[PDB]
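Visitor: model the structure of this input:
(4 chains)
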Amino acid sequence: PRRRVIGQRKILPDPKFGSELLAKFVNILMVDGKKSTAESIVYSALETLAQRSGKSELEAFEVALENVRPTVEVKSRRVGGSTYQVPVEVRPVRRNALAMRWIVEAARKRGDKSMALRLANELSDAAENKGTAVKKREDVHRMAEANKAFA
Amino acid sequence: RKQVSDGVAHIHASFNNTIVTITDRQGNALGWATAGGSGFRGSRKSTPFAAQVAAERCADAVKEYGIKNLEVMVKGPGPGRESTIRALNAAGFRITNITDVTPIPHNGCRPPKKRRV
Amino acid sequence: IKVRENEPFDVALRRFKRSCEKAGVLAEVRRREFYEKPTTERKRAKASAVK
RNA sequence: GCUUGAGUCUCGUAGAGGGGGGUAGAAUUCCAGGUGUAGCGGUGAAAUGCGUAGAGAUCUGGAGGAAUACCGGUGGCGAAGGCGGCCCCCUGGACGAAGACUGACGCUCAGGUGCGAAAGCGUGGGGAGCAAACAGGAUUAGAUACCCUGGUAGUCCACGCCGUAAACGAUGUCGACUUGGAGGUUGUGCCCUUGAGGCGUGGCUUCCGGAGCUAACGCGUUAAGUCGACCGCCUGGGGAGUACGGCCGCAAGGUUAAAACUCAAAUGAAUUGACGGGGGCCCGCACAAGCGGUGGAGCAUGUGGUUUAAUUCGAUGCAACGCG
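Guide: Numbering: from 1, shown residues only, chains lettered A, B, ... in the order given. Let me share the structure:
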């Protein structure tokens, strides 16, 4: 990244719904190279999400993830010998990457039984935008809203 | 109240703070707003953003007068001033004149020493 | 110093103050009376203006 | 005696040359008043400070002091220090054009005399801004500083003193000769002035360079080149431009000016490198963007230490510490 501008590698889409978005979601959730376990958790959790909300699968996922995507985020500069937290507009791939990282991280924070219930309840708490990942999004937006004076 | 319908926006941009005072053509102030009185104390009260929200807030608080035309008089340098007049024609004012009235001495008083920072 | 315009106007476009007052003349009169640094600042300004 | 040195006269030119007097416009501060309202100011961030007893902002009127934006220019003038609005008065010098006059009247100069930034001193005024001292706030390990908020002498005027500066082109004065180029500034002559031209001829000045000189760097017709006249000064570093004495000074101090002792260097310019909280360009899981660890727990293993009869020896920033 000093010199090398890069490409990006193409991920295989989801084997049940053909969604590369949800494929990157099972990669964000995966730990220790265990992908089967993570896709089992995602299929169970989103299956009970589709059963609970009654909408469908990945539009319930797409709504619950649409409520947690950040708009702008702070970022350090260190240009004039000072520490500024400037607000900067998030790229779309980074936008939903941060969305999924906050959903998964907040779901790991929860205190329910199984991971499919922690993440199904976290996506359900994000569908009416009252969970923890929405508090992370509102927190990011308070930081970039307080420091709006730098652009 | 009193229904003046034309005023002057004296904007006083300095390096640390911009202070916008909307008055009439006689010179009697009708309401003011500073960048430091709009939140963002400190390194953030001298920015174009702070000056524009100062000017938005000074456009409010003169609704009681029905000002439509105004001249703009600009003092001092500053990160403000330019953005400041923008905020004024983002607040429905018909901006008539833009004069820059920075006080320049004709080699008058001795300026202070300073700044071996 | 003044500007005005009739109803075809959109932008400020007052670059009369990148002509005279703002950039140099007020930032110059913020700091010390020398007699000494200006003689050398002007000496090296006119010694830099060379081909 | 003579005119090619020096000087006088005639006519103009440019100029922040000097001294005295007056005036003008912007701006800062203060005072009085109107509007108006919650901050202003300040900083890297803050706080001290000012502010609902109404600040800051804004308008009107007044007072006062200092300095004189733009023009403004390696532009000008002055012996040097230095001199910057505009106007008047008194006054010094320079330069140019043609002609006339005196006729070597010249050059330098120890002692001597004068002028001599700034700070400082004396007496009397003045005092807006700025600001040693000083005070407070910060910063910091400390901060008798840098930064912030105030702030007295001083800076300004009159007269006297001081008598120095990196008072520097670190280059004494006067004169003569020795290839060039580009400018600036101020005169003057000639030619269709056929315009903001062309050709010369002086004065002052800036940059670059030739020969030559120079340790080199550089100087280079304004010499640090080639010569002549007279003056000033130098003789290793420190001690020391100090002590004692003299002269000067109100004082601060100034000037003239040693020795003992001590070192074998001190110095100049340039070269190679290294370094820089100098500059430009560029790279690496270097940072950033992420994911997983270590430091916490138990154990394994190595080391330091301690113990021991011995706890064999070696490895110890990175690049020793389950290493030999």
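Visitor: outside of the longest helix along chain C itself, which residues are in contact with it?
Guide: In chain C, assigned by DSSP state H, the helix with the most residues is helix C:37-48. Taking contacts as CB atoms under 8 Å, 6 or more residues apart in numbering or on different chains, no residue outside helix C:37-48 touches it. From N, CA and C alone the C-beta is placed, and that goes for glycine too.
Visitor: is RNA strand D within reach of it?
Guide: Yes - Helix C:37-48 lies within reach of RNA strand D by CB under 7 Å from any atom of the strand, at C:42, C:43, C:45, C:46, C:47.
Visitor: adding neighbour count, write those residues out as a markdown table.
Guide: Below are these laid out as a markdown table (neighbours: other CB atoms under 10 Å in any protein chain shown):
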| residue | neighbour count |
| --- | --- |
| C:42 | 10 |
| C:43 | 10 |
| C:45 | 10 |
| C:46 | 9 |
| C:47 | 9 |
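Visitor: can you show me the strands along chain B?
Guide: When assigned using DSSP state E, the strands of chain B occupy the ranges B:6-13, B:18-24, B:29-34, B:69-75, B:94-100.
Visitor: near chain C, which residues of chain B?
Guide: Residues of chain B lying near chain C by CB under 8 Å from any CB of the partner chain: B:76-77, B:82, B:85-86, B:96-102, B:104-105, B:110-115.
Visitor: distance to residue A:96 and mean neighbour count added to the strands of chain B, as TSV?
Guide: Formatted as TSV, the strands of chain B follow (distance: least, CB to CB, whole Å; neighbours: other CB atoms under 10 Å in any protein chain shown):
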stretch	distance to residue A:96	mean neighbour count
strand B:6-13	42	23
strand B:18-24	40	23
strand B:29-34	40	18
strand B:69-75	45	21
strand B:94-100	43	17
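Visitor: tell me which of those approaches residue C:17 most closely.
Guide: With CB to CB as the criterion, residue C:17 lies closest to strand B:94-100 of these, at 5.1 Å.
Visitor: okay, now the sheet partners of that closest one, with direction.
Guide: strand B:69-75 (parallel) (DSSP bridges).
Visitor: name the surrounding residues that touch the strand it pairs with.
Guide: With CB under 8 Å, 6+ apart, strand B:69-75 has contacts from B:5-13, B:22, B:25, B:81, B:84-85, B:88, B:93-103.
Visitor: can you give me the strands in the chain?
Guide: Since no chain was named, I'll use chain A. A:72-76, A:85-89.
Visitor: which strands and helices sit next to the first one?
Guide: Just to be clear, that refers to strand A:72-76. strand A:85-89, helix A:133-146 (3 or more CB pairs under 8 Å, 6 or more residues apart in numbering or on different chains; DSSP states H and E).
Visitor: what sits up against the shortest one?
Guide: Strand A:85-89 is contacted from outside by A:71-77, A:143-145, A:147-148, A:150-151, using CB under 8 Å, 6+ apart.
Visitor: relative to residue A:21, how far out is residue A:59?
Guide: Look at residue A:59 and residue A:21: by CB to CB, to the nearest Å, they are 12 Å apart.
Visitor: more neighbours, these two?
Guide: Taking neighbours as other CB atoms under 10 Å in any protein chain shown, residue A:59 and residue A:21 compare with residue A:21 leading, 17 against 12.
Visitor: the more buried one - nearest residue in space that isn't next to it in sequence?
Guide: residue A:96 (6.8 Å; CB to CB, 6 or more residues apart in numbering or on different chains).
Visitor: same question, residue A:131
Guide: residue A:125 (3.1 Å).
Visitor: contacts only, for that neighbour.
Guide: Residue A:125 makes contacts with A:131, A:132, A:134, as judged by CB under 8 Å, 6+ apart.
Visitor: would you turn these into TSV with neighbour count?
Guide: Putting the contacts of residue A:125 into TSV (neighbours: other CB under 10 Å) gives the following:
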residue	neighbour count
A:131	24
A:132	18
A:134	20
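Visitor: residue 4: how many residues sit nearby?
Guide: Since no chain was named, I'll use chain A. Counted with other CB under 10 Å, residue A:4 comes out at 5.
Visitor: my bad, the chain I had in mind was chain C
Guide: 11.
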